[PDB]
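Next up, structure tokens for two forms of one chain, structure 1 and then structure 2.
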Structure 1
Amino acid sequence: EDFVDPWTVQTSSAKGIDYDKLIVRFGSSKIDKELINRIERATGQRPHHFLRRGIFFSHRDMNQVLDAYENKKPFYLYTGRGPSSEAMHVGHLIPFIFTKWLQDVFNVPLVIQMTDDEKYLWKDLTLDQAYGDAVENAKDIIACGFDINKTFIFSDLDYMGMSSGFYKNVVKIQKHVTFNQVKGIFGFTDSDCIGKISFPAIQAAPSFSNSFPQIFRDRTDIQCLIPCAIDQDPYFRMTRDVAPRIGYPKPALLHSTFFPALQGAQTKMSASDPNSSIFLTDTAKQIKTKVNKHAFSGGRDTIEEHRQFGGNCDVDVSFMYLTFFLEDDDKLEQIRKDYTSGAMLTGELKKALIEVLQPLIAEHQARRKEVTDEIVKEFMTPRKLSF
């Protein structure tokens, strides 16, 4: 019995979360082959590997989004981030990497939310500190290549006070969610502060277009698509239930699996936990070390046993990371084959990984460094977005 909620991914199996069980448990829908070819037919583009490889595996109302898109009816993307301190590891990238692709292939506007107020309520920092962390994380997000002409990155602490329609939708949503409702959904108790208790309303507000008057004037019927880590589904199950009751459309969803922590898929990568993560501000040596010194293996103890029994892929953190970052499907297969056959040793694998991580993480740093203050401020300026 795996446990998954907005603040905890914990399972006993080394193979990690049983996503098939998660889909059922949550009521979401499995993304099947049909849906994928259906996505390709609509974009005229080859499905991103996260879709091919089941990284993004679950959805909600996707066919309706496609049915609309295909019929010239526009949708907009909405995803977000809880601002961090120094953190921001590769795991935090998956959703954003996919969102950038979705933005390209479908050519649609996007709103990214920086829940600095959330952190302020959950962690121990000042609004300035929280807001700061956000404007900062903005760089890394921007560094993913989001089109500045179709992307609006905002901080709750800020935008809330400069929008004639966001707080208005928070009030609507709040009126339609009870303390009992969220007590169940998230697990809040009478002891939690009123601020945490009503925060869900805020993570839901972006699902409704008229929350962004300067981007959609006051249109209240524009489809919304939320790419995100399955652990965020709770907010939007709630959002989908509130939607009709206040006369707005339900946000569609594309769910992604968690990026396994270095010590094993028993949990997801996280800045809070020791050596479990590879940060976006990591030197090629640090990247190299962490992989050689912390990545859990599915390979046999000795070169001896490994040759006669090969390694196990269902648990090899290194092989898992490759499933996420090695583009070429042929190379990933060769490795899976050889590693399984014993033909390849764990270290030869750990090396293949580091060869793909270092350059990726390096490029990120390279693009991050090109993010000027003028730019950040632009992305973060309520303004009309293209399309």
Structure 2
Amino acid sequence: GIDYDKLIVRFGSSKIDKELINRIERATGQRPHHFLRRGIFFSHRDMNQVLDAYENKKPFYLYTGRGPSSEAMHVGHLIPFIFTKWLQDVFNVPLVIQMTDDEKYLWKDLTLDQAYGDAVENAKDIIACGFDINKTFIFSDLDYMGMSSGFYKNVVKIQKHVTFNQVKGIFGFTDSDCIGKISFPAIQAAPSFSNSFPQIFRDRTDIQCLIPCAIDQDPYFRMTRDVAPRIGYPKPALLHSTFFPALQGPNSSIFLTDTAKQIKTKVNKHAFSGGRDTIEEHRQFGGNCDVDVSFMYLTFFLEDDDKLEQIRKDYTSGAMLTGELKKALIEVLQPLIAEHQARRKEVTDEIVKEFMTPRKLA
């Protein structure tokens, strides 16, 4: 499939090797998450710096976000949230999650209230991922900007040190775009600096930030990292993941709303197959796990490394047929999604409100 080792060279990032993974295990005392064991999160920037601080009792915080969608969230979207939740638990650090409602308002046909409405709704799905309410701040840009003595100030600092020419290349803007889009990159970068959240870190500016993201986003975070020293702040560290495969690449992906029945259908009739044409060729040459979306999905959601390896072998040999594989996946997805919907149902307005209230995170 995709040659991720080349993307590392292309972007200039660092490969997450076994020694780093072992160091993470020693620092936390926890077994490394399966995304690390399987190369899902394979690249980074300054992770050793983060561990240097952590090992010396100098904590950091996590930062991630989400563009509020009209309840159009699929299993692929779970990846960074699942990893961020794991990072939060094993390092036991605070986390800030930005809901870019102002971004959606600027890019989509929505009123400011509708954009905000989508953000609060999406927040429920994020809360359903299990983040600890005592250490997690989920904020709406539209709301938080007007109730922070540090966020806007950081936005302006960034705005002063980034030119249109710079963002034009990185984000592909043209002078036909509204000024709101042009300066937005500063708002997405501001959360990377601790003094943007006074209610959490007060006036401290030395608390390193760690951002889990997709490798193809490295160019975007490069802007934030380059501006950091220019404004006297530490650069945020990054952890890069691979690309979540499209079902093939309403039926282009499996949504967190889909029912058990819908999940079955999606996998059996739409999930791309890496097996052979006829059962004759398959029992001989076997199936290819590098392109079979059904198996790739398993590498992300099946936690048992042993069962996953067994399924791989039998699918590559021919002993196991595509239909058998797709059923193994369905047995993994149905409960995964069912449990998410169940937890989402428990998210009360009182809960979402608390998560969204700027407050100290003991």
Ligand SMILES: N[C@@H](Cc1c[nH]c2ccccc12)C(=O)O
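Take the two forms, superpose them, and find the largest set of C-alpha atoms that agree within 1.5 Å; that set is the rigid core. Structure 1 provides the reference sequence; residues are numbered from 1 along it. Residues that one form lacks are left out of the comparison.
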Pick one: which is the form deposited with the named molecule bound?
-> 1
Relative to the superposed core, which single residue of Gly165, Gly310, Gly82, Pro234 shows a CA shift of 2 Å or more between structure 1 and structure 2?
-> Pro234
What is the Cα shift of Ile202 between structure 1 and structure 2 once the core is superposed, in angstrom?
-> 0.5
Angstrom displacement of the CA atom of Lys21 between structure 1 and structure 2, core fixed | 2.0
Residues present in both forms, rigid core superposed: which consecutive runs of three or more show CA displacements of 2 Å or more between structure 1 and structure 2?
-> 16-18, 229-235
